[PDB]
Structures are given as structure tokens and as C-alpha cells.
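Coming up is one lone chain in C-alpha cells, specifically the form deposited in one PDB entry.
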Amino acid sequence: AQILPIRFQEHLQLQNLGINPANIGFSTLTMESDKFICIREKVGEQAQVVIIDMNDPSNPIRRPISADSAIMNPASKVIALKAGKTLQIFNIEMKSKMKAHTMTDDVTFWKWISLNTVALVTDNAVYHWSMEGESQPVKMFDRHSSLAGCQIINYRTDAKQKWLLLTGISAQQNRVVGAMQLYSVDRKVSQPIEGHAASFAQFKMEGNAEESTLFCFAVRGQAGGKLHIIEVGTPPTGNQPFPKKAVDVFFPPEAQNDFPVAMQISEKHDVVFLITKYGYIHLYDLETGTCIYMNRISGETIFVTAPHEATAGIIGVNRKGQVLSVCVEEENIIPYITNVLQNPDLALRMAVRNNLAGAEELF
């Protein structure tokens, strides 16, 4: 068989839209959802910000805007801008300031965690800040000492905002070591975890009426590459617990310095997408951890990812400016699982879930 369980797509080449490759990187380019990319560029002496609307990519909007960091809202024409310790949320459509706040501590990382809330990470704490109303940032938890001095690379929550996860990395010798802090809002407890990339997911087990809240993380530490899928906290009333899964994360012999950097989980397909530093993608079944597919999909590091809503896939930007995505190929995944993976248990479970499109309708 020459069929794949995935479809790879190239959506854009940012260098073809007038972006300097020097600005295609984590400190200057943000992609908080699949709807926009925002780039900060200094051209001559002038600070400029560029917004690429992914529905209208050939018409980037570029303006002289001074900001140390810029993150578009996941859905609205709303942008958060930082300069020093002062933060602003700005309504672009209405050319009007929504909210502003001056922090005491420097915000070293920030990210939209929902359609209306931005998370703020300082050296010692994490806050949530609504874009609505008058409310100021609210401290969610204090940072755990295991993340001290890390470079923060991600912050994310489960859908219900009851489980909060901060992820950093640090250099030790010639290694890149991942440190995570998982915080339970209900329990007011943190747990340190050695991890490089992670995501949450909602999964409805066979036999259960209510979805389980799953936490998936991957790491490459002293025991090698490992992926874990675990239910966090107490199951919903009436549910059976999700049995913890643990599987190997493979790296080939020529990739001893590769490690996980990003994860997204398909809401529709119950598949984990894992991206590595060297530009590999792995697919894993969320229920079992079974590895479905691995391949190198990018010749450059992919430094930012988001869910790709249209395909329930993953979209990312690599360092040369290729905007790429991977999703399940809904017609070919079960054939691939049947004849290449030769995993009929998975083939059957996937068909029973019945979340793969088949046979086009008339409207």
C-alpha cells in the first residue's frame, strides 16, 4: 500500500509575503490559533507588526506598532500587546483599547488559552486575564521551584479550566530537559512532571456516559522517549476510570539529539499529533497509545503549532516560513491500519467510534 493515514498540506510560505526570515522564530512570530499569524519586524529604525489573516493571506496588514510581544486572539479581531510591564488588549475592528494593565513583575510568556482569556506567566506565578469587563489579571497558582530558570515554552488548560499546565525547558550539560507543572484548580495542588510536550483532551470511553479529561505528555529523558496518557483527577460521577497508557516514543539512530517540542490532539479523531525538534510527526491513538504513523514532514524546526480546526489536525510554522498542517486522511486511515500497521483491534475501535467522514452528501 502507498496510502498514508494522514494528509500533509503546505498553506503558505511567509517569505513570499514579505516576511524577513530573521523574524520567523519564537520570539517574533506567534500563531495562537489557525486563524492568524502575527510577526514583529524592525525595518530600518521602525518597529512594525504584521497580521496575516489565514483566510486572506495575500493581503497582510502591516502597521508601525511598538510592542515587545504581540498575540492575536484565537478568533476575534482582537490583539494583546506588551511593552515592558504594561499590557493592552486592543479591538482592531473598532480601533479601540479594550483593557490595559501594568504588572509589577515582567511577563516572560503569555498566550491566549480561550476565546476570551489570556494567560500571563511571570518568574514566580501564572495569572489569567479576561479580555471582557474591568477585571484585572487573577493569580491562578505560584510557580514550582522545579521550573526555576527555565525557558517557558507553553501554557495550556483543559476545556473546563480545572487543570493548568506550564511547560519549560532548561539546558543541562548538552541536554535539553523538560519540566512541567500540573496544577489542579479544585485541589489547589501542583505536581512536577518531567515532560517536553503535552496536551489535554476530552475522551468518551466505551461504557461511559460522560467524557474523561485526559492529559497526554511526551518526554525524552534518561529512559528514552516515552508518551503517557492519563486521566486527571476523579472521574465524572458514573464513569469508569481511564486505564493509564504508556508507550515508547521512537527516535531513529541518526536522531540522538531529537526530542518532542509540540503536541495537539484531534477532538474529532481521538489522535495525538506529536512534533519533534527535527521536524518529525508522530500520530498516536488517544485511547490506547498505539503509534499509528511516524515520518519527517519538515526540513526545518517547527517552533509554533495550533489545532487546525477545519481538519481536526495540527498546523505549524517552521523556521523558513513554511506554514504546514497534518490531519487524518479519513478515507485511508483504516485501510492503512488494516494493511500496513496490521492492527485490526484499532481498525475496529476506530470504525465503532464512527467519527470518520464517508461518502459526500448533497449539502
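Numbering starts at 1 and follows the sequence shown. Shifts are known only where both forms have a C-alpha. Definition used throughout: the rigid core is the maximal C-alpha set that superposes within 1.5 Å between two forms.
Would you tell me which stretch averages the higher CA B-factor in the PDB entry, 300-308 or 40-48? Mean C-alpha B-factor is greater for 40-48.
Can you let me know which of the two, 277-285 or 225-233, has the higher average C-alpha B-factor in the entry? Per the deposited B-factors, the answer is 225-233.
From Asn55, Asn332, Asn318, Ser69, pick the one with the largest CA B-factor in the entry? So the option with the highest C-alpha B-factor is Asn55.
Take the CA temperature factors straight from the PDB entry and tell me which of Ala80, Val121, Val249, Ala83 peaks. That would be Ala83.
Please place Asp258 in the lowest, middle or highest third of its chain by C-alpha B factor as given in the entry. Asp258: CA B-factor falls in the lowest third of its chain.
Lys111, C-alpha B-factor rank within chain (lowest, middle or highest third): Answer is lowest: the recorded C-alpha B-factor places it there.
Could you tell me which third, lowest, middle or highest, the C-alpha B-factor of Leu4 occupies within its chain? As the PDB entry reports it, the C-alpha B-factor of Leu4 lands in the middle third of its chain.
Among modelled residues of the same chain, the CA temperature factor third for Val219: Ranked within chain, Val219 CA B lands in the middle tercile.
Within this chain, which third does the Cα B-factor at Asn208 fall in: lowest, middle or highest? Highest third of the chain for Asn208's C-alpha B-factor.
Unshown form deposited in another entry; subsequent notes refer to it.
Out of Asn355, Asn339, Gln9, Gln15, I need the residue that shifts by 2 angstroms or more at the Cα between the shown form and the other one, core superposed. The residue that shifts is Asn355.
Any chance the CA of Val43 moves 2 angstroms or more between the shown form and the other one, core superposed? It does, since the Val43 C-alpha is displaced 2 Å or more between the shown form and the other one after the core fit.
Closer or farther: how do the Cα atoms of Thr86 and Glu45 compare in the other entry relative to this form, given a change of at least 3 Å? Closer is correct, given that in the other entry the C-alpha spacing of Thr86 to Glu45 is reduced by at least 3 Å.
Closer or farther: how do the Cα atoms of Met54 and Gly358 compare in the other entry relative to this form, given a change of at least 3 Å? More distant in the other entry, by 3 Å or more.
What runs of three or more residues stand out between the shown form and the other one, with each Cα shifted 2 Å or more once the rigid core is matched? After superposing the rigid core, the shifted stretches between the shown form and the other one are 43-45, 354-363.
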